[PDB]
């Protein structure tokens, strides 16, 4: 509901220097936080009109204020601009603004407690002087402190501005400084020579140009952002990211402020700090694209950037990454192999165990991982072995040299760890041997039960072999009498004379010289 003459008016927004104090961004203020004094003025009204009106409105003499229209430039900045108050004073408000509606103007005034003390709006020769803005960067707090503005002749040399900078910043005089120009977002160029004049020092010298300076100090290197150049590259690339714990359901998460240019290490460090913990103790997850939730694990050595990780979020969603806190160190967690096998205890019973040696490890390592975990029996050896079983037969015993990479548990029950009995520890090598024993009953492919290694002795006779089997095999004499005992090789078997046959060691050795092929074995014929 505009009404008749609304089109002859324009909004003029006046901003006072106190609005610049506290700003951490580029230029002088954040457009979304700035507080304006607003005027509704005739477009065709004059400059002297607005100036006088403003003087009386604001409680300052007209002689004592200066107007610097705010100018939005193609280089990505909005800066205060020069206005000759007299020369242009009879041009119109809409003219002077180049049809910007609203029009923002920086209004310079005097303190005025300093104005009670006599001070005045300074000399400004629009041809030979320049107004500069001064910002001090403190690397310890990583912040910008607004140091106000100066007037200086153009021909004055940078070195001559150092004491004013030191003063406005609370620095003891003759403190060495690094000066930068803030040209635009993501461009802050160090001023290399202090002994040249302002036209040479600054890129393209204008009123409203910004100088950012800092103490030149070795403690600056302790900061995450040691120079203003770095500080501004950081702020230019800042992005807020919600992190959620994957393990904890439904968790809303916490917001962390990061930079798109950060690598794995940097991100880890920041998130690890907000959780009070080692970054090496975290694992992170990529994104699933359009679905919310955790994607694939992010390797500790990831080469990309946070921008690469965040690239799949659409224009407006919350950017969200999932992590998991780790009981252990991530380079170890990644290389950790989960080896599932059977522990066989002193009671001749099977427990399922999962051990985690290093995947580059060997059998000796897996064994001691298991020995750390279990109670051994009674008197016994305190020495362990690893058997490989397929179809309830032992296909072989494994030596500790063997790399773990040489095994593939095609089945969860393929591998068995067991404590070596005392009679078998160091066997008398000439007159006795170990044989694998398995249960079968119709055929020798008919295998079942728990298989085992048995010691047999040369010239020894079978009945006390049957007794040795007895003591271990848990059960009593009746259908242990069902048992008929065989010697098996490959295809076929034959059943030992249950008496009398006296053990001849190698009715059980393979063809002499042949190791690789599976040995003869002792079969047990019974059902279940």
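Residue numbers count along the first chain shown, from 1.
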What about residue 169, is it left unmodelled in a third or more of the other PDB entries we looked at?
no
Quick one: is residue 280 left out in at least a third of the other entries we compared?
no
Mean CA temperature factor from the deposited coordinates, higher in 413-421 or in 228-236?
413-421
Comparing 298-306 with 179-187, which has the greater mean CA B-factor as deposited?
298-306
Out of 388, 108, 86, 195, which one has a C-alpha B factor higher than all the others in the entry?
86
Between 485, 29, 39, 36, which one tops the list for Cα B-factor in this entry?
485
Is the Cα B-factor recorded for residue 480 in the lowest, middle or highest third of its chain?
highest
Where does the C-alpha B-factor of residue 61 rank in its chain, lowest, middle or highest third?
middle
Could you place residue 245 in the lowest, middle or highest third of its chain by Cα temperature factor, using the values in the record?
middle
Among the chain's modelled residues, which third holds the C-alpha B-factor of residue 10?
middle
Could you say whether, by C-alpha temperature factor, residue 93 belongs to the lowest, middle or highest third of its chain?
middle
